[PDB]
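**Q** Listed in order, the protein sequences are those of chains G and C. Reading the first sequence from the start, the letters are residues 300 to 526, 533 to 598 in the deposited numbering. Reading the second sequence from the start, the letters are residues 889 to 1080, 1090 to 1250, 1252 to 1284, 1288 to 1306, 1311 to 1489, 1492 to 1518, 1531 to 1776 in the deposited numbering. Think of the CB as a built atom: it goes at the ideal place given N, C-alpha and C, for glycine as much as any other residue. Submitted below is the structure of interest, expressed as structure tokens.
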Amino acid sequence: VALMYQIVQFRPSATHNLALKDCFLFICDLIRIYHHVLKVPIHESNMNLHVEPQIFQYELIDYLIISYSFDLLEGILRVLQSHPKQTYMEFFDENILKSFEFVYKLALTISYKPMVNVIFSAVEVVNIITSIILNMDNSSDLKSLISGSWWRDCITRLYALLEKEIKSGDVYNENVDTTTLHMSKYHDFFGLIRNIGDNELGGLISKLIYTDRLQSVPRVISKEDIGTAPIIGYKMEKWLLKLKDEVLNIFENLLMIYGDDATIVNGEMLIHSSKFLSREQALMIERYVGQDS
Amino acid sequence: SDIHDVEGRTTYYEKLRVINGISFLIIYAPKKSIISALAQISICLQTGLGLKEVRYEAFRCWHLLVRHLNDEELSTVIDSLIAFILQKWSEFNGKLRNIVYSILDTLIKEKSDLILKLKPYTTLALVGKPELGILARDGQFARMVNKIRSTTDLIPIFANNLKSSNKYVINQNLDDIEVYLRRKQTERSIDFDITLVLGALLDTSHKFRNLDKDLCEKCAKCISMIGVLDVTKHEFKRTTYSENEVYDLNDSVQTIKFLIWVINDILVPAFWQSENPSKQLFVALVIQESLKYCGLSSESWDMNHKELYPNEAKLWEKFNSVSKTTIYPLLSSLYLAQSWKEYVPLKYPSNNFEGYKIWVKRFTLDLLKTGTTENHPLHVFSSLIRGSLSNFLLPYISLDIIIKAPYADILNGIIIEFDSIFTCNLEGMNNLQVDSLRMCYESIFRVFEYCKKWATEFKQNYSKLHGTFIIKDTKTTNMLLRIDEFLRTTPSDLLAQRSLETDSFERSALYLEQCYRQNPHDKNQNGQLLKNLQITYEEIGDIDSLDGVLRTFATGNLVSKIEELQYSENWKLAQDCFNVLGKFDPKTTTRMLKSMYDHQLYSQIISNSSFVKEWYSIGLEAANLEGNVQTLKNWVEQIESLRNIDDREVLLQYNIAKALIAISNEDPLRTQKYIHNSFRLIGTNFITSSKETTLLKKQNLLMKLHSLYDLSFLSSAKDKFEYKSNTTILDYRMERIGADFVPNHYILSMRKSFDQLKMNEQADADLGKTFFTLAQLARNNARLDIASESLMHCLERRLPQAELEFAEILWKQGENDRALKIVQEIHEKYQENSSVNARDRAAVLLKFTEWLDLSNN
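So, in structure tokens, the structure goes:
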């Protein structure tokens, strides 16, 4: 999958035409064969004790394929966005977009454990299309496939996002969700497009490959030894905070396009905007200013 | 109800209001009404005391009662008061802490007796905690602490606390007993009745088996402080359940002792502890209806002998004097007799639903032929509350019907019984069938078990009236008594229990033998039955009957005759035989490894056939115990990636191995994580249920559970003069295991496996001691093959005795002279050295010359 990414982007030009499409439906399907990574339950059974081999290398292959997929998604669109004026209308069809909902709608959960590596790339799609929609005219062929039920759903699931306050020092710790976006230590690695977190395990991915025997099965890393300064707290914090400087720029697009007729703006984001607006104005002033961060 | 309300209206503010009232009520009230519902307040208050911010005024309410309630009371309550405040201590901040000191200083001065006498366990724990300063601050009375400590013996108390279910006090007691035993082995005071606690500990772990893993661990750690206990001396435990055949019918005098035996036993301890608020209304009535014989107060309150009966246990006296005047009828019921369901009817829903229900709905039998005058007829009001307690009264009622020897009531029983006996079995749904049917059986047999106990005394009673055997009515009873065994239909009930094979094995054996023994005798009857006994006697765990039985009938193929040879002290020939079939077959390779390991050949199965998940538990076990660090990593590296395990057994064996390695890396922190991690498993999935009769059946469990603590305790040594001083404790400790071999071998070998891996100079000088200790076992344990290797392997240290010790082991071997020449040479070797002990100069020459005669003239 990684090696396929290096293929997709090389010198995009007009080279890729539909080759993106057939690539997309595949990967958008492949991500569907893998559920049990992203659908894990939030709470662990008291009567589930932890005594087992505690092997990390069958997780690490579960995560890589999830993550690397969600970049290749973004890798596609960013490439498609490099193609001429009206060439865009070729690609999009009810086939491609319906398939996508079950990806995005799978990523952000609210019933299940979050995963912070996809959330970025899960959004950037929702961004990039709404950035391209305005550009080239005749909106998604007059929004041939965009359903108010579909669309508004994709937005009503962001309102849950904005409301998580990302306290800079609780990042890496474990706790309940909807508190904050934690980004646990077990999966942090650079992905592809952007280097998201300090990837303490960035160097383990070469420790599972043996390097002599030519083997199919991994070399058995151990969960005990994976992962003294706080400062890497700030970075992952800051680099996380941009995400909320993104979901904003989702909105301005959303206001430009639809001209308020549909039920999207009638949902009164001023309810959720202001409720966010007022908050920071409370916390920034009280508990932060002066602490040199 | 309020505090426990479903919170449709919520509003905990009422809970604050409630404590006000029952703070007020005690302020002004009559002493009996001060007692009254005291069982309820303590519950209803401590369920308040456990909730978040309401905890404050809770303690406020308590300092009230402590001041004036009763001096003779403040037993049944202070318990849940002390255990709580010791566990939550971290949560009490500034203020709540203060009020506690206001209670204790009163408890000091207000009661100078209770804690010192009526509840002696209280004072030790709170003093035991150094952080509260009750020993440090406050009174000088610690001289009373020192006085009371040595006097009282704590062992019986721990058996008493652990029986209750309150998740704090049960967590407390385990914390003390731990800190208790650790102090003992340092001063090694008592060698021991320490068995009672070991009986109780193993009960809790089986109760919490599903719930609260992290406590259920700590319950396992503590019995590892014990370590095997040497079955040979005190088997302890007990026989079986409680039936108490008191012959309730007539004999007014004998009826009574039953009645009081019920109230202070299955009634008060049922009503006192359990929380079922509305049920508590019904319990008193039958207590009243029981006390209805003693009911009139002045009869019980004035005349000397008009009562004269104890009538209560010391604890049971609490609810005794409260309700003597009460008599709450509460008998209103709508169409109980017209609701009668008969003839296997409910049995449909039983198998449909059940364990509880089939017996619960069997209250239809209760309310039918019961609840008329007599004595126990009031008990209809008990099951009216409806329930595992019904099971207790189940036989007693089930007796009454066919005791009468009007008619149709009796035959209506068997209709469900045969429906219970023959369910057609093969039940597609296991979850219900596995669960209820066992209880049904266990309830079914309970009557049969009772009748035998019953009819035995029933005639033995009138055996004091003699007349040989002469009775008119007991006939129809006896005719009906064995007729209750006609529903057994011989083999039907035999196979009822044979197709069930409930965890009660000896009963599973009896009938299984019974049918096989007399009636059929037919060829195929001996075909299937015999094969069952082997499985049966296997599980009882005494290999004798297993041998003798498998010898006689036997037959089948001559391969079996070759298998049996193990037990006969011939196995060295039989074990040589299986290695053949192994090198050549799914269950073959298992039988090989099982035998070899069973006779304690460890050095074999590591190196033999194991270079299929049934073998790993055996394989990974040996290599763990052998202890080469290099061969061991290979296992773990093979175990770790299966992408699953889901075996209870290897997970225990792995987690020990993944510890030992961490010793070789000098990581005492890490090796704690795994050794503890072993306990949660050993004390959850592998703990048996309670009794299970014989203690020797356990040795395989405890022996694995004793060595652990050593491996944790040695690896907790700091350096040098702690280490060397440490092993002496572990040395002495080994004495309590007895002289038996396989319990000892597995333990002492696991010390070798450790004592190599460390590889520091101090580890060495002990490693030469361990072997030579293992030599002295194998020799007088009647195995010279284990000995020579070991003794051979310590010859690198070339100890002065290592030579002679060989000359020992050979002189048991048939070849006399080749031995004798050694001490012939050694004795003259030390001559003119003019050194060493001159006491050691004796030791050789003793063994020398006594050879020189019996050997040759």
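Looking only at its chain, what residues have a beta carbon closer than 8 angstroms to the beta carbon of residue 1251 (chain C), apart from the 5 residues adjacent to it on each side?
**A** You won't find residue 1251 (chain C) in this model, because chain C goes from 1250 right to 1252.
**Q** Give the secondary structure of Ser1341 (chain C) by DSSP, where H, G and I count as helix, E and B as strand, and everything else as coil.
**A** Stepping through the second sequence from its first residue, residue 1341 (chain C) is reached at position 436. Note: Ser1341 (chain C) maps to helix in three-state DSSP.
**Q** Determine the chain C residues that contact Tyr539 (chain G) at a beta-carbon separation under 7 angstroms, and present them in chain order.
**A** The count along the first sequence starts at 1 and reaches residue 539 (chain G) at position 234. In chain order: nothing, as chain C lies at least about 29 angstroms away.
**Q** The alpha helix (DSSP H) with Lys1115 (chain C) in it runs from where to where?
**A** On the second sequence, position 218 is the one that residue 1115 (chain C) refers to. It spans 1110-1121 - the alpha helix (DSSP H) in which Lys1115 (chain C) sits, taken as one unbroken run.
**Q** Taking 7 angstroms as the limit between beta carbons, can you name the residues of its chain near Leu1002 (chain C), skipping five residues before and five after?
**A** As a working note, residue 1002 (chain C) is residue 114 in the second sequence. Excluding sequence neighbours, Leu1002 (chain C) sits near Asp959, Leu962.
**Q** Would you say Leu1295 (chain C) and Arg1343 (chain C) are within 9 angstroms of each other, going by their C-beta atoms?
**A** Residue numbering aside, residue 1295 (chain C) sits at position 394 when the second sequence is read from its first letter. Residue numbering aside, residue 1343 (chain C) sits at position 438 when the second sequence is read from its first letter. Going by C-beta atoms, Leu1295 (chain C) is not nearer than 9 angstroms to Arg1343 (chain C).
**Q** Taking all protein chains shown into account, decide if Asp1079 (chain C) is buried (16 or more other Cβ within 10 angstroms of its Cβ) or exposed.
**A** Reading the second sequence from its first residue, position 191 is the one you call residue 1079 (chain C). Counting Cβ neighbours within 10 Å, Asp1079 (chain C) comes out exposed, since fewer than 16 surround it.
**Q** From the beta carbon of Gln356 (chain G), is the nearest beta carbon of chain C less than 9 angstroms away?
**A** As a first step, residue 356 (chain G) must be located in the first sequence, where it is residue number 57. Interface residue, yes.
**Q** Is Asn1596 (chain C) close to chain G? Criterion is C-beta to C-beta, closer than 9 angstroms.
**A** On the second sequence, residue 1596 (chain C) is found 677 positions in, with the first residue counted as 1. Closer than 9 angstroms to some Cβ of chain G, the Cβ of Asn1596 (chain C) qualifies, so yes.
**Q** Looking at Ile1558 (chain C): is its Cβ nearer than 9 angstroms to the Cβ of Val1548 (chain C)?
**A** Start at 1 with the first residue of the second sequence, and residue 1558 (chain C) comes out as number 639. Start at 1 with the first residue of the second sequence, and residue 1548 (chain C) comes out as number 629. Taking 9 angstroms as the Cβ cut-off, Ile1558 (chain C) and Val1548 (chain C) do not qualify as a contacting pair.
**Q** Where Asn1699 (chain C) and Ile1705 (chain C) are concerned, what is the direct C-alpha to C-alpha distance, given to the nearest angstrom?
**A** By 1-based counting over the second sequence, the position of residue 1699 (chain C) is 780. By 1-based counting over the second sequence, the position of residue 1705 (chain C) is 786. Roughly 11 angstroms between the two C-alpha positions.
**Q** If contact means a Cβ-Cβ distance below 9 angstroms, which residues of the region 486-513 of chain G contact chain C?
**A** Result list empty, no residue passes.
**Q** Only counting the same chain, and skipping five residues up and downstream in sequence, which positions put a Cβ closer than 8 angstroms to that of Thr1381 (chain C)?
**A** For the purposes of this step, residue 1381 (chain C) is taken as the residue at position 476 of the second sequence. Excluding sequence neighbours, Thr1381 (chain C) sits near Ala1306.
**Q** Between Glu389 (chain G) and chain C, is the shortest Cβ-Cβ distance under 9 angstroms, so that the two count as touching?
**A** Position 90 of the first sequence, counted from the first residue, corresponds to residue 389 (chain G). With 9 angstroms as the cut-off, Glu389 (chain G) does not count as an interface residue toward chain C.
**Q** Can you tell me whether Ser1502 (chain C) is helix, strand or coil according to DSSP?
**A** Taking the second sequence and counting its residues from 1, the one referred to as residue 1502 (chain C) is at position 595. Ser1502 (chain C): helix per DSSP, three-state reduction.
**Q** May I ask which residues mark the beginning and end of the alpha helix (DSSP H) holding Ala1694 (chain C)?
**A** Residue 1694 (chain C) sits at position 775 when you count from the first residue of the second sequence. Segment 1680-1699, the alpha helix (DSSP H) holding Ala1694 (chain C).
**Q** Look at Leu1069 (chain C) and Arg1655 (chain C) and say whether their C-beta atoms are less than 9 angstroms apart.
**A** Locating residue 1069 (chain C) in the second sequence gives position 181, counting from the first residue. Locating residue 1655 (chain C) in the second sequence gives position 736, counting from the first residue. For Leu1069 (chain C) and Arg1655 (chain C), no; Cβs fall outside 9 angstroms.
**Q** Please name the residue, chosen from C:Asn1141, C:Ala1210, C:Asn1462, C:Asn1431, that lies closest to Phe1363 (chain C) on a Cα-to-Cα basis.
**A** Position 458 of the second sequence, counted from the start, is the residue given in the question as residue 1363 (chain C). When only C-alpha atoms are compared, the closest one is C:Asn1141.
**Q** Please state whether DSSP places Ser1247 (chain C) in a helix, a strand or coil.
**A** By one-based count along the second sequence, residue 1247 (chain C) stands at place 350. Residue state, collapsed to three classes: helix.
**Q** Within the 9 angstroms Cβ cut-off, does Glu523 (chain G) reach chain C?
**A** Along the first sequence, read from residue 1 onward, the residue named residue 523 (chain G) stands at position 224. Closer than 9 angstroms: yes.
**Q** Going along the chain, which unbroken runs of the alpha helix (DSSP H) with 4 or more residues stay wholly within the region 1581-1614 of chain C?
**A** List check, alpha helix (DSSP H) in window: 1587-1601.
**Q** Out of C:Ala1697, C:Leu1649, C:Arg1702, C:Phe1691, point me to the one whose CA is closest to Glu1722 (chain C)'s CA.
**A** To locate residue 1722 (chain C), count along the second sequence from 1; it is residue 803. With distances taken between Cα atoms, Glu1722 (chain C) lies closest to C:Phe1691.
**Q** For a contact meaning CB atoms closer than 8 angstroms, what does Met346 (chain G) contact in chain C?
**A** Counted from its first residue, the first sequence places residue 346 (chain G) at position 47. Under the 8 angstroms cutoff, chain C gives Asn1107, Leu1108, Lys1110.
**Q** Give me the subset of the region 371-383 of chain G whose CB atoms are less than 8 angstroms from a CB atom of chain C, sorted by chain position.
**A** Per Cβ criterion, the list is empty.
**Q** In the DSSP assignment, the alpha helix (DSSP H) including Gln1618 (chain C) goes from what residue to what residue?
**A** Taking the first residue of the second sequence as position 1, residue 1618 (chain C) is located at position 699. Looking at the DSSP string, the run of the alpha helix (DSSP H) that includes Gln1618 (chain C) is 1618-1633.
**Q** Opposite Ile966 (chain C) in the DSSP bridges: which residues?
**A** The residue you call residue 966 (chain C) lines up with position 78 of the second sequence. Its beta-bridge partners do not exist; DSSP assigns none.
**Q** Taking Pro1493 (chain C) as the reference, give the member of C:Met1653, C:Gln1480, C:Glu1469, C:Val1531 with the closest Cα.
**A** For this step, residue 1493 (chain C) is matched to residue 586 along the second sequence. If we check each option's Cα against that of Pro1493 (chain C), C:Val1531 comes out closest.
**Q** Please list, in chain order, all residues of the same chain as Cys1116 (chain C) whose beta carbon is under 8 angstroms from its beta carbon, the five residues on each side excluded.
**A** If you number the second sequence from 1, residue 1116 (chain C) lands on position 219. The answer, listed in chain order, is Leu1062, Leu1098, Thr1101, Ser1102, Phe1105, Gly1602.
**Q** I want to verify the contact list: residues of chain C whose CB lies under 7 angstroms from the CB of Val339 (chain G), in sequence order.
**A** By one-based count along the first sequence, residue 339 (chain G) stands at place 40. Chain C residues near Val339 (chain G): none, gap ~17 angstroms exceeds 7 angstroms.
**Q** Tell me which residue opens and which closes the alpha helix (DSSP H) that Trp1476 (chain C) is part of.
**A** Position 571 of the second sequence holds residue 1476 (chain C). Taken as a continuous stretch (DSSP letters only), the alpha helix (DSSP H) holding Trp1476 (chain C) covers 1476-1488.
**Q** Answer yes or no: do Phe1323 (chain C) and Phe1179 (chain C) have a C-beta to C-beta separation smaller than 9 angstroms?
**A** Start at 1 with the first residue of the second sequence, and residue 1323 (chain C) comes out as number 418. Start at 1 with the first residue of the second sequence, and residue 1179 (chain C) comes out as number 282. Cβ atoms of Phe1323 (chain C) and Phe1179 (chain C): not closer than 9 angstroms.
**Q** Is the beta carbon of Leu376 (chain G) closer than 9 angstroms to that of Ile431 (chain G)?
**A** Walking along the first sequence from the start, residue 431 (chain G) turns up at place 132. Walking along the first sequence from the start, residue 376 (chain G) turns up at place 77. Yes, these two residues count as a Cβ contact at 9 angstroms.
**Q** Listed in chain order, which residues of the region 416-433 of chain G have Cβ atoms closer than 8 angstroms to some Cβ of chain C?
**A** So the list is empty, because no residue satisfies the distance condition.
**Q** Listing by chain order, which chain G residues have their CB less than 8 angstroms from the CB of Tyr1573 (chain C)?
**A** Taking the first residue of the second sequence as position 1, residue 1573 (chain C) is located at position 654. Within chain G, the residues near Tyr1573 (chain C) are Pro352.
**Q** Just checking, does the region 1665-1673 of chain C make contact with the region 1539-1556 of chain C on the three C-beta pairs under 8 angstroms criterion?
**A** Enough Cβ pairs lie closer than 8 angstroms, so yes.
**Q** Spell out the partners DSSP gives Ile354 (chain G) in its beta bridges.
**A** Residue numbering aside, residue 354 (chain G) sits at position 55 when the first sequence is read from its first letter. In the DSSP output, where bridge partners are listed per residue, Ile354 (chain G) has G:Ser521.
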